[PDB]
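Report on the following structure.
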Amino acid sequence: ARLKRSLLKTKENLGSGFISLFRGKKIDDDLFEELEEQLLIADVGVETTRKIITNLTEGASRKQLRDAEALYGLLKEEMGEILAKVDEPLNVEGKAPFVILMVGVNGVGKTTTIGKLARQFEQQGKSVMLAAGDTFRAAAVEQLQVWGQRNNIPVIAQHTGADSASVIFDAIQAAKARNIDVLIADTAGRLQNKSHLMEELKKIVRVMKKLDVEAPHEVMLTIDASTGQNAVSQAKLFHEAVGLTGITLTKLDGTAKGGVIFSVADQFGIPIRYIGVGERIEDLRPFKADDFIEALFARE
Ligand SMILES: Nc1nc2c(ncn2[C@@H]2O[C@H](COP(=O)(O)OP(=O)(O)NP(=O)(O)O)[C@@H](O)[C@H]2O)c(=O)[nH]1
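Reminder that position 17 of the sequence shown reads as 213 in PDB author numbering, one-by-one numbering, no gaps.
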């Protein structure tokens, strides 16, 4: 029930938060407007809120419901369906190496997610290597090097400002030579220039093909739930630039903006591989839609 308390701030307005809104009320246009306002304040987003209201209105009409309290169950089903469409756990087994290209802006949890994932894979018996492909941020590169040395995890890094694609190429070659199961590659996160960063990512992906026609095996976006709609605009920008195959959504604990997960799910349809629900390694949890919905909707 750790997930339940990590969602405590989001549950004021969503899930169990619906109970106080519906109590004793009739289903009418006023109620659907109050619900729409609550969804929007919770960062569910305009398009996804409209879809939820439309589907809920139709679902209640088909059953000729009049008691607003029963909208709780319909919302649980319908918001559950939104998340079920992006429930698909990441499987990194069986490659040599499985290459995860980590993309996203700076400051939203990318290097922390790299460390937690690396520790989780090693805890499962997989060997891990890191590639310090954010080559102009010497602090980020030093962070991976020092942390990897402490953890007996090899880190491939080159001089400040080295070509990111070449660093990652060299890391894949090294991983293949050293029986590495998983290679996790960091990338630059300065999206102030759309064209440049997005051209760098395309170059990285093309260069990988010299060594493995299947690499990268996962392109993972990291976004921060506490940034609300910025998480959605970041996903949209990276989705148009590169072939995203997974999303990690960090910092759900302690934000009232957790509703953004429904917007990310609905707008892009990309699997949410992990959600960050605390500061421990194990608090980067593989995303399971039914578990999340149960925690969000359970009262108390
Ligand atoms: N509570 C919480 N904090 C998280 C989570 N994921 C990352 N963080 C925190 O947010 C920060 C991580 O951001 P970070 O990975 O440093 O982003 P970055 O771009 O790699 N680094 P920088 O901050 O130098 O730009 C740290 O405070 C880290 O502990 C999460 O799921 N929950």
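No residue lacks a Cβ here, since even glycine has one placed at the ideal position from N, Cα and C.
What first and last residue would you give for the beta strand (DSSP E) that runs through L379?
If you look at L379, you'll find it in the beta strand (DSSP E) that goes 378-381.
Please tell me whether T418 and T309 are closer than 8 Å, where the distance is taken between their beta carbons.
Contact flag set, yes.
Can you tell which of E338, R386, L279, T244 has the C-alpha that lies nearest to the C-alpha of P467?
Looking at the Cα atoms, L279 is the closest of the given residues.
Can you name the residues that DSSP bridges to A327?
Per DSSP, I352, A381.
Over what stretch of residues does the beta strand (DSSP E) that includes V403 continue unbroken?
Boundaries for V403: no beta strand (DSSP E) harbours it, while the alpha helix (DSSP H) harbouring it runs 390-404, taken from the DSSP string.
Is it right to say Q339 is buried, meaning 16 or more other beta carbons lie within 10 angstroms of its own, or is it exposed?
So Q339 ends up on the buried side.
Say yes only if the C-beta of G329 is nearer than 7 Å to one or more non-hydrogen atoms of ligand 1, and no if none qualify.
No - ligand 1 has no heavy atom lying nearer than 7 Å to the Cβ of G329.
State buried or exposed for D263, treating a residue as buried only when at least 16 other CB atoms are found within 10 Å of its CB.
With fewer than 16 Cβ atoms within 10 Å of its Cβ, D263 is classed as exposed.
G276 versus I489: straight-line alpha-carbon distance, rounded:
Computed Cα separation, rounded: 6 Å.
For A427, tell me which candidate among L313, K322, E414, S459 has the shortest Cα-Cα distance.
Taking only the C-alpha atoms, the option nearest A427 is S459.
Below 8 Å CB to CB, which residues in the same chain sit around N251 once its five sequence neighbours on both sides are set aside?
The answer, listed in chain order, is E274.
Nearest-angstrom Cα separation, counted from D239 out to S422
The alpha-carbon separation between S422 and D239 amounts to approximately 10 Å.
What's the C-alpha gap between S360 and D330?
So the two alpha carbons sit approximately 7 Å from each other.
Is the closest heavy atom of ligand 1 to the C-beta of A336 under 7 Å?
Because some heavy atom of ligand 1 lies under 7 Å away, the Cβ of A336 counts as near it: yes.
Mind checking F332: buried by the 16 CB within 10 Å criterion, or exposed?
A residue is called buried once 16 or more other Cβ atoms fall within 10 Å of its Cβ, and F332, having fewer, is exposed.
Kindly indicate which three-state DSSP category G211 falls into: helix, strand or coil?
In this structure, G211 counts as helix in the three-state DSSP scheme.
Can you give the Cα-Cα distance for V242 and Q345, rounded to whole angstroms?
Using only the alpha carbons, I get a separation of about 46 Å.
Using 8 Å as the cut-off, can you tell me whether the stretch 286-306 makes contact with the stretch 380-389, which would need three or more C-beta pairs spanning the two stretches below that distance?
The stretch 286-306 is in contact with the stretch 380-389.
Do you know offhand how far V351's Cα is from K372's?
Taking the straight line joining both Cα atoms gives about 14 Å.
Which of the three DSSP states is assigned to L480 in this structure?
Per DSSP, reduced to three states, the secondary structure at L480 is strand.
Locate the beta strand (DSSP E) running through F228, then write down its first and last residues.
Where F228 is concerned, there is no enclosing beta strand (DSSP E), although the alpha helix (DSSP H) around it starts and stops at 225-237.
Does the contact criterion of 3 or more C-beta pairs under 8 Å hold for the stretch 363-383 versus the stretch 318-326?
As far as the Cβ criterion goes, the stretch 363-383 touches the stretch 318-326, which means the pair count is three or higher.
Any heavy atom of ligand 1 inside 7 Å of the beta-carbon of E274?
No - ligand 1 has no heavy atom lying nearer than 7 Å to the Cβ of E274.
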